[PDB]
Every structure is written in structure tokens, then in C-alpha cells.
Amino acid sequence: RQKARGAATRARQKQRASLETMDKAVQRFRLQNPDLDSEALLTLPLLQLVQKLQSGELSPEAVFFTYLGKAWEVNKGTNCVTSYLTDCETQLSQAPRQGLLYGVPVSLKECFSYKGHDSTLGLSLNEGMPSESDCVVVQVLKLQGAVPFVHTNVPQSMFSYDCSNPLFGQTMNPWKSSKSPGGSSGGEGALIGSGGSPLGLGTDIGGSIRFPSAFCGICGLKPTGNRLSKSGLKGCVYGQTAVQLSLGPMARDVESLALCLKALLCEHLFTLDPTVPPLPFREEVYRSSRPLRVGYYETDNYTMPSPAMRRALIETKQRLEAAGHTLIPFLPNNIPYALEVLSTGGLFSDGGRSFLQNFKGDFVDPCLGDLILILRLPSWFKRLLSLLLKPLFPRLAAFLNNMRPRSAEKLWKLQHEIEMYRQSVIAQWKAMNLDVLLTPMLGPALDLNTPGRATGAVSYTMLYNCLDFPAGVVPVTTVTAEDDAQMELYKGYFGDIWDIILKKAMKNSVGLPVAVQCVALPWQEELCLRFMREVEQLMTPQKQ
């Protein structure tokens, strides 16, 4: 493990030096600007911040250094920042004045390649391998006048809804030190949730924008996978197209997400990556205030919702009905099949071999639980173990069988099944003439190092990665004493280790945020946001 230890030493050194550089830059600004009101600046909603930047009422220098100082401070308690993006003080001076995001500091998940910086993903193999250029979405953010300023932490490999790796260590939830911030966009969730950044970018293949957004009490949107460019993003599995990765914004309110999307969906983006359909942001759809037909479910019958989750969903449904929306019971067909056969099979068609390459010679972070050990099992043993478990723990049996390697022939068969499945859910949707769908969202935040042992709980989010529908989350309530107490009566629908771990993990969560999830059809991000805006307005009206 000599190489891996050396890598961790070098990465920790680089982190420490970055945070020093941040501190020195902040103190310099503060010496030259003693009269600035920082707390007022930091509490302005993004849309107001932008208008003040656009009017010259606030300087971009003031905004950037005030947020830099806040980011450095909140990092002390969260360990969310891995790198200060250095050059950002010269982008600050060169930011296009007419840019939609002029002067706005933006945080980036560590996978958004930035010239001269590693995108380690917590893997020793990627340390000391700095990017030669900014990824396309970074380029566009800069062309729109934004100032990307930090890389934020992720769990090792990014394939996890916790947030620890052997290079930079563990990110903590800003609400409670014992809780996971979620992830794999956890650093973003922790930073934005603490007030350290107004806007961030994450990525999502099974809930990685939505988990941190829910657990840290912020808003996030996972668009249709090819709505935004993935060109130049750092990944760790190559050529897996059955369940595609999506990138999208995270922020403190829904309007911020809409602004971000609007800024990104510009000619710069479409010319820098011709493979993205040139679909501009449709403001009129986003701004619509007509009644909606809203499908909803209280449970997916796969992961029993926590008391807080169930209350969150029911209250939101009640408030929407009171506001004049039509609430229609709706459940996508064959969720177990979709999660166990289509999603798991799509992610692990090769039995994990490609994924496991990344860990050769490296430490495996405890936050990944036993995933690496299981993936390393011979296919025949996965199959045999599957057969033994099936009668008692069919969920566990099904995940094991579907993580086996297979032929290109059988992958084709799976890819066709995914396609047909998507069309089957679209058919149900049209049959009930739905506009949008309201679902529960996992939480309250799980304890540290339990997401990796509660894999079944991805059911609420991973379904919409399999279907490739835009899906976002909005905070709507906080866990009450009653909600938390009632977790003692949680049994789960299967009573397997995943249900047992989740019961324990979600305890001790009084005061923690809880969200719902908002879904629309492919390419309907604007309608998704219109619905998220409605939920936010009804459940948390002062976010506006």
C-alpha cells in the first residue's frame, strides 16, 4: 500500500496548502475592506445577489471573498473542501459583465475537471494526475461570468451515498456531526447547506445529487441525462450506457436551480458539445402557474418510508390539493424488476470487473461497506449464494444474481428491456394524463458509514436514473420528536439486513431536514422546476 499511502500524504498536503491559500486571500481582502457587511451578503438569496452584481451595488470581489471566508469557516466543521481552485481570482477579474451568472461563486464536485487540478475521486490511481483543461460545463460557467472556486469532497469512486475516501477523509453533515451529508455529491451538500456556496454542480447515477440535497436541507435537480454536457468529467467506469450519469445544480432555493440551468443551456454549451441537443431553457414553462395533474405515491413498496418521510409526502399532497392541483394515485409498474434486474444489471453488467480496476493497490474506504468484497466474488459463487438466500432474503438474492458478468448478447437483451420499461412507465403516465409526479425522498440523513450497508434505500431515487426522467428534491419539513420515536416501530417490507441497518441509521435525527421528490417526463426539466417551485412555495414560503 506504499503508493496509496504516499498518495494520501500528498493529497492531504495539497488540501492543507489550499485552505491556507484561501485563508490568506480572505484576510487580505478583509484588511483592505474592513467596512463590508458580510452576514447580510451571505444571507441574500442568489437571485438578489445576482441583481446586485448586475447593478454594481455589490462588487464581484466582495461577493467572492465573503463566500471564500464562509467556505473556509464551514469547512472546519465539515471537511467538505478538497481544493481551492487557485486561478479563480483571475477569472474573477475577467468574468464577462453581461454573463447571466456574473460574479457568482460556484462550488464543483471533484469530478468536474478543472485545469491544473486532480480529480482523484478518492482513488490513489488518480492522485498526481492534474487535468489539462476545464470540462465543458466549467467553461460555460466561466463564459456566463461565474467564478468556480472550490472542489468539494466525494466518497471513494463516487459510487456511494456516503462521503468518505482515504485521501481527504470524511465529510460530515452540517446539521449533526454524526450524520452522513449524503453523496456522492456530499461535499456540495455540506458546503451549500452550511451557507458556504450559493450554487454548486453535482452528478447523479442512483441519487447522488438528491441524497445530499435531501440530507443537508437544500434543493437539487437531476436533469435528463443528455440535457447537459458530460464532456471532460472525470469518471471511473467507461462505456456503460444502460444507466447514464446526469449532472445538475444544487442550491439553497429552486429559483437558483432554474437560473443555473438557464445559464448553462446556452449557445456556448451547445457549440462546445455538439452531442447535447440544443434545447434552450423554456422560461414560460418554468413560470407557469396553471393547475397540475400530480401523480403521487406514499411508498414504493420496496423501502418502507420513515415516519418523517411519510408525513412529508402526505402534508405536501394535502397542501397541493388545497392549492387546486389534482392529486392522483400512481405507482410505476414493476419497481422490484427495475431496481434489481434493470438498474443493478445495467450498472454491473460486467460483474464489477471494470469498477474494481480502480481499487487495485488501494485502500477500500469503510463507507463502501462490503461492495468491493461482493463484486470480487466469482460469478458461480454469486449465483450459488443467490440461490441459498432467495427463500429468506429475496432482495439480497436478486442483487447478487444481477451483479454477475454476462455476454454482449445478454447486455443487448438488458438494454432492450430498459428501453421497453421506460416506454411502459411513459404509457402509464399518459393513461392517467399526469403532468408531474410527487414521491417520497429518502431521509432523514443516515448515520456515518451506514449508507454502504443500506443499499435497498436507493429505491426512491435510482428508479428515475433507470427511467432517465428529470427528478429533483425540495426540503419540506424537519424530523419531530414523534417522527423520531416512531422509528422504533419501523420493520421494513423485507426484514433483511438492509431494513435492519436503515432502522438504526435513521434514528437520532430530531431537527434534521426531510424532502420530497418531484419528477417529470424526459426533457421536461422546466416543468419539473415549476413543480418544485410550487412545493417550495407551499411548504416553505419564505424561501419564496
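Rigid core here is just the name for the largest C-alpha set that superposes within 1.5 Å across the two forms. Each residue number is its position in the shown sequence, starting from 1.
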| item | value |
| --- | --- |
| Between 25 to 33 and 495 to 503, larger RMS Cα displacement in 5 other deposited structures of this protein after core fit | 25 to 33 |
| Stretch with the greater mean C-alpha B-factor as recorded in the entry, comparing 98 to 106 against 250 to 258 | 98 to 106 |
| Segment of higher mean CA temperature factor, 197 to 205 or 390 to 398 | 390 to 398 |
| Top Cα B factor in the deposited entry, candidates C518, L58, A515, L512 | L58 |
| Top Cα B factor in the deposited entry, candidates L31, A505, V476, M487 | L31 |
| Where the record places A427 (Cα B-factor, split into thirds across the chain) | lowest |
| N126 by Cα B-factor - lowest, middle or highest third of the modelled chain | highest |
| Chain third (lowest, middle, highest) by recorded CA B-factor, residue given as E526 | lowest |
| Record-listed C-alpha B factor of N75: chain third | highest |
| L385 - which third its CA temperature factor falls in, relative to the rest of the chain | highest |
